[PDB]
Amino acid sequence: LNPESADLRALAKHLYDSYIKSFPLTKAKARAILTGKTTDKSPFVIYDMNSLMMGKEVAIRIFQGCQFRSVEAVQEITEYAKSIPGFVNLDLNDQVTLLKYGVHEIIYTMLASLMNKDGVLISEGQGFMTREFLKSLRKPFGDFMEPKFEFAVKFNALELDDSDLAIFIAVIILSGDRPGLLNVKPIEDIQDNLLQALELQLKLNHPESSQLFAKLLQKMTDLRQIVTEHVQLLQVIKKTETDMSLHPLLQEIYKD
Amino acid sequence: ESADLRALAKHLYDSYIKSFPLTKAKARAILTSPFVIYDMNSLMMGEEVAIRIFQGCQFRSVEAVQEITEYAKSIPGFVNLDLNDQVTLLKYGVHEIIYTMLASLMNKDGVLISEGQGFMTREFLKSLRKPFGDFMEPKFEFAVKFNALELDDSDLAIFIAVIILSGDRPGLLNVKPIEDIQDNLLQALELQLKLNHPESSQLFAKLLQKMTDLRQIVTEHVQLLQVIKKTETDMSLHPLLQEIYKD
Ligand SMILES: O=C(O)CCCc1cc2cc(Cl)ccc2n1S(=O)(=O)c1ccc2ncsc2c1
């Protein structure tokens, strides 16, 4: 290669490294747990009430647990964000805006890593809660996870690994078509670079996968819908469950 | 190889020119002489006001759907798909294409209408009643961003075909051949933008990301269209007219 796509490989390497250091449960660990494996080890499976207890009603602590984890993930993603070259040099206000619109799309992207068609890993991989148990939860909580699984099954079909995902989520943060950005130009120059990095990375890592770059970027449409749909379901849960609390961090991100 | 990709591109451009009366090249020249509609008086002396304007947007959309349908049938492979699947792809595709192509007819201040014989002001449209004042605005906001890419008709012809061959539409029966065709169209689009816009880095990626905005415009637009159902309704003189305009 030439010394320009060489700078692109170094950026890919930097981002992957930051990704490993920022996120405790990688796709590689998640698949080892889900699949096999002598590396890593067996999850306790929650598929019903008694299994849940072996692990204030249940639909609601399950939702409460999920939202605490969300906040947990926002902290991890925010820590990854800082490592993206150029990010912390941007107008502070735009850093906040990029994160605000970025984190949930990233959350559901990385959530796919922890999912198969049958359920999702929980508690850093020590548990596995089935899709059917989640869906059997009560109106409305019953289908708050379903659009996540639907996306995940289609996304996981791309067979990305962590080194791919690391650049992808960086692309997502550095959008610049985000509402209310002050300096779009500096943001777009960064994303242009990241998109180059992602394109080279996918050609090298998935040579036989045609137009993976285009198909992965199209997935960005699925994410936005999940987020939009989740936000609305949340508005509903708030009004019907007036004793349901939301974390102010998530509320602050949700406001608008 | 680049052989089939350039023929694909040329073919779609030719079909695009044939199927769509007003091209972007044509519209851009005019935007830079049309009857301007800035007021009620200009609307009248060039023609329920806000309702006549909405129903005119409907007439135009119905026309556009037929133009898009004809274009689709020109996309190599499209007519060989399961017919249910062709109908599904057009069904969920035309709104996104309608607004994509509408951006060709807009600047930040207004939109061409009636074959470019007219031009309706963004402020006049925005000044309309409720809810008829918020229906066009999000399209102007999309258009301002989309037009920043400065695509031309030969770029758009292929992009439009990419949108039509979306293998993720609900209820598709055989997704494989649809993705197979889109893959080829994506290749052709990538090479087109690389040849036509060498100095514009990652234009292919930027355009694809625009699809997420498209989808949201369409989604929130159909949600306003239901709200319009809770405005005007039962009139036994419409029926045949109402039938012509489904969704
Ligand atoms: O193992 C990990 O790293 C935690 C993996 C994720 C996770 C941990 C967890 C713990 C409990 Cl007690 C309950 C649900 C849990 N989930 S989750 O998948 O349901 C989830 C997470 C984020 C999120 N944001 C919007 S909806 C949503 C749902």
Side-chain angles (χ1 to χ4, degrees), chain A residues 22-27 29-30 33-34 43-81 96 99-153 169 223-256:
Chain A
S22 290
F23 304 111
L25 188 62
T26 60
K27 178 166 189 174
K29 183 163 182 188
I33 296 175
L34 285 176
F44 185 77
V45 176
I46 299 176
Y47 64 100
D48 74 11
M49 288 307 316
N50 290 198
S51 60
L52 174 49
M53 292 314 160
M54 289 296 92
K56 191 176 178 183
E57 70 176 87
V58 335
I60 287 202
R61 186 183 179 179
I62 294 182
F63 193 80
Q64 289 297 117
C66 271
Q67 296 315 99
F68 155 72
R69 171 59 192 146
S70 286
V71 171
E72 199 174 304
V74 172
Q75 306 179 269
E76 290 167 14
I77 299 165
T78 292
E79 196 182 294
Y80 183 67
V96 172
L99 285 177
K100 178 211 220 313
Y101 284 95
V103 296
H104 278 88
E105 292 173 15
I106 289 170
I107 282 181
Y108 298 130
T109 293
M110 305 195 57
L111 186 66
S113 306
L114 311 202
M115 293 178 138
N116 55 35
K117 69 190 207 57
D118 297 317
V120 58
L121 286 175
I122 67 165
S123 180
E124 274 215 18
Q126 302 172 86
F128 181 82
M129 185 174 312
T130 68
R131 182 181 187 177
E132 212 67 80
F133 173 61
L134 290 174
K135 213 211 308 170
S136 80
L137 294 177
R138 132 205 140 194
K139 343 84 195 85
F141 308 95
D143 297 330
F144 87 103
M145 282 304 310
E146 264 306 297
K148 316 295 164 34
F149 284 101
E150 283 202 298
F151 169 70
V153 157
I169 64 178
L223 291 173
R224 181 81 96 261
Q225 298 298 308
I226 294 173
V227 172
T228 293
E229 184 178 0
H230 175 86
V231 163
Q232 293 172 0
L233 185 263
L234 232 310
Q235 300 271 177
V236 167
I237 300 179
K238 271 357 271 101
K239 281 166 142 45
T240 63
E241 316 297 318
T242 64
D243 59 320
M244 173 84 63
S245 62
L246 279 50
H247 194 296
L249 176 49
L250 296 174
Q251 291 228 156
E252 181 203 18
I253 295 175
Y254 290 156
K255 61 191 299 281
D256 266 285

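The figures here come from the full heavy-atom set of this structure, side chains too, leaving out hydrogens, waters and symmetry mates. Numbered from 1 within each chain, the chains take letters A, B, ... in sequence-line order.
Between A/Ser113 and A/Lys29, every side-chain heavy-atom pair lies at or beyond the 4.5 Å cut-off. Two residues are said to be in side-chain contact when any heavy atoms from C-beta on lie closer than 4.5 Å; A/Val74 and A/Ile107 meet this criterion. Side chains of A/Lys135 and A/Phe149 form no contact here, defined as non-hydrogen atoms less than 4.5 Å apart. Between A/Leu250 and A/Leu234 the shortest side-chain heavy-atom distance does not fall below 4.5 Å. Residues A/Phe128 and A/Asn116 are in side-chain contact: their nearest non-hydrogen atoms beyond the backbone lie under 4.5 Å apart. A heavy-atom distance below 4.5 Å is found between the side chains of A/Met129 and A/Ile62. In this structure, A/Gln225 and A/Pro147 have side chains that are not in contact, with every pair of non-hydrogen atoms separated by 4.5 Å or more. Counting only heavy atoms from C-beta outward, the side chains of A/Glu146 and A/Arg131 approach each other to under 4.5 Å.
The CG atom of A/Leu246 sits 11.5 Å away from atom CD1 of A/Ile253, with the distance rounded to the nearest 0.5 Å. Atom NZ of A/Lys117 sits about 13.5 Å away from atom CD of A/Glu150, to the nearest 0.5 Å. With values rounded to the nearest 0.5 angstrom, A/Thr240 atom OG1 is found 6.5 Å from A/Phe141 atom CZ. In this structure, NE2 on A/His104 lies 11.5 Å from OG1 on A/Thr228, to the nearest 0.5 angstrom. Between the NE2 atom in A/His247 and the OG atom in A/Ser70 there is a gap of 10.5 Å [rounded to 0.5 Å]. Atom CG of A/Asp48 is separated from atom CE of A/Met54 by 10.5 Å, given to the nearest 0.5 angstrom.
Heavy atoms of other residues, nucleotides or ligands lying less than 6.0 angstrom from CD of A/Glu72 number more than 12. Residue A/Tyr254 qualifies as enclosed at atom OH: its count of foreign heavy atoms under 6.0 Å is above 12.
Scanning all heavy atoms of the two residues, the minimum distance from A/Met244 to A/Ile60 falls at CE-CD1, 3.6 Å. In terms of heavy atoms, A/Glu105 sits closest to A/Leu223 at O-CD2, 3.7 Å. Across A/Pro140 and A/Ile237, no two heavy atoms sit closer than the pair CG-CG1, 3.9 Å. Annotation for A/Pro43 and A/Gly127: closest pair CB-C, 3.8 Å, computed over non-hydrogen atoms. The shortest non-hydrogen separation linking A/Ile169 to A/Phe23 is CD1-CE1, 3.7 Å. Of all the heavy atoms in A/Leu52 and A/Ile46, the pair that sits closest is CA-CG2, 3.5 Å.
Put simply, the side chain of A/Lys148 gets close to the backbone of A/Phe144: a donor and an acceptor are under 3.5 Å apart. Of the possible donor and acceptor atoms, none in the side chain of A/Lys27 sits under 3.5 Å from a partner among the backbone N and O of A/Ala112. Panel note: side chain A/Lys238, backbone A/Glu241; a donor-acceptor pair is recorded below 3.5 Å.
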Would you please test A/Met145 and A/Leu111 for side-chain contact (heavy atoms from CB on, under 4.5 Å) and show each step? CA-CA 11 Å; A/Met145 282 304 310; A/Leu111 186 66; 4.0 Å; yes

I'd like to know whether A/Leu249 forms a side-chain contact (heavy atoms from CB on, under 4.5 Å) with A/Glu252, so could you lay out the CA-CA distance, the side-chain angles of the two residues, the decisive distance to 0.1 Å, and finally the verdict. CA-CA 5 Å; A/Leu249 176 49; A/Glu252 181 203 18; 3.8 Å; yes

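A parallel orientation is assigned to the rings of A/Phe63 and A/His230, their planes being inclined by less than 30° (bins at 30° and 60°).
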